[PDB]
Each structure stands twice: as C-alpha cells, then as structure tokens.
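**Q** I have a structure here, written as structure tokens, and I will follow up with some questions on it.
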Amino acid sequence: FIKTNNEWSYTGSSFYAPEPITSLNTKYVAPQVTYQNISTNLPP
Amino acid sequence: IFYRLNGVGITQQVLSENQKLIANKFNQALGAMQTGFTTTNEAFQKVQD
Ligand SMILES: *[C@@H]1O[C@H](CO)[C@@H](O)[C@H](O)[C@H]1NC(C)=O
C-alpha cells in the first residue's frame, strides 16, 4: 500500500507498479492497532 | 516477530494479548545460552574441535 500524489494505492511486491485498489489483489484480515485507518477514501 | 508468530500458526489474538510475557521468554531464552558457552553447547565443542 503506497500513497501517490497523482492516495493510497496497490502495488506489486516486485516492481514499482502504480495501480488502484480492488478486491482482486488483497485479502481480509483481523483488526490490529499497529497500522493505519481511513474514513473517506474507502477501497471497495 | 509478531508476523512470524502469525505464520507459524499462532493467531493474532493471543500474541496481541501476550506481548510482554513472550518477549520476556524470548529474552531469557537468549540469555540462558550466554552462560552456556561450554561443553554443554555441542556446537561450541565442535568449534573447539
Ligand atoms: C487506526 O489507525 C490509526 C493510525 O495508525 C491508529 O492510531 C489507531 O489506533 C487505529 N484504530 C484502532 C481502533 O486501532
């Protein structure tokens, strides 16, 4: 998860690839206090 | 370490509630081997060999 200046955005694990966020590239996970949170730029 | 515990089969919950005690267990595990640098460490024996 990398934020650009043209927003948090998906990239691959082996190249600087700027891509948007979809459901086809992530998984779900349990809550954890140790990271960040957003309220308006919600990924689908 | 936390993600390592997630990978090996320890859930996020129990590590999220038992940070300090497993930390101290890791510390004493690291400290016990310090004074053990003797014949009891077989690798120490092999290096001397
Ligand atoms: C949401 O993310 C922020 C930023 O990392 C963090 O400070 C906060 O604790 C998170 N929320 C919860 C409920 O942990």
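Identifiers in this document derive from the order of the structure tokens: chains are assigned A, B, ..., residues are numbered from 1 separately in each chain, and ligands are numbered from 1 in order of occurrence.
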Can you work out which residues from chain A touch chain B at a cut-off of 10 Å (counting only C-alpha atoms) and hand them back as a list in words?

**A** residues 29, 30, 31, 32 and 33 of chain A

**Q** Within 8 Å of region 15-24 of chain A, counting only C-alpha atoms, which residues qualify if same-chain residues fewer than 5 places away don't, as a ChimeraX atom specification?

**A** /A:9-10,43-44

**Q** Hey, can you check how far atom 3 (C, counted along the ligand's line) of ligand 1 sits from CA of residue 34 (chain A)?

**A**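 Pair atom 3 (C, counted along the ligand's line) of ligand 1 / CA of residue 34 (chain A) returns 7.4 Å.
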
**Q** Between CA of residue 3 (chain A) and CA of residue 37 (chain A), measure the distance and give it in Å to one decimal.

**A**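 So the two atoms, CA of residue 3 (chain A) and CA of residue 37 (chain A), lie 13.2 Å apart.
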
**Q** Pick the closest to ligand 1 from A:8, A:1, A:28, A:35: which is it, counting only C-alpha atoms and all ligand atoms?

**A**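 The closest residue to ligand 1 is A:35.
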
**Q** Let me make sure I understand: among A:13, A:41, A:26, A:36, which one has the smallest atom-to-atom distance to ligand 1 if we use only C-alpha atoms and all ligand atoms?

**A**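 Comparing A:13, A:41, A:26, A:36 against ligand 1, the winner is A:36.
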
**Q** I'd like the interatomic distance between CA of residue 7 (chain A) and atom 4 (C, counted along the ligand's line) of ligand 1, to a tenth of an Å.

**A**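 For CA of residue 7 (chain A) relative to atom 4 (C, counted along the ligand's line) of ligand 1, the distance reads 15.5 Å.
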
**Q** From a DSSP pass on the backbone, collect the residues of region 1-40 of chain A flagged as strand (DSSP E or B) and hand them back as a VMD selection string.

**A** chain A and resid 2 to 3 8 to 10 19

**Q** Quick one: residues within 12 Å of residue 47 (chain B), only C-alpha atoms, excluding same-chain residues fewer than 6 positions away - as a PDB file with C-alpha atoms, in the first residue's frame?

**A**
```
ATOM      1  CA  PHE B  37      29.193 -21.336  26.213  1.00  0.00           C
ATOM      2  CA  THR B  38      30.827 -24.511  27.459  1.00  0.00           C
ATOM      3  CA  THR B  39      30.905 -28.253  26.758  1.00  0.00           C
ATOM      4  CA  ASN B  41      26.839 -26.474  23.732  1.00  0.00           C
TER       5      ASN B  41
END
```
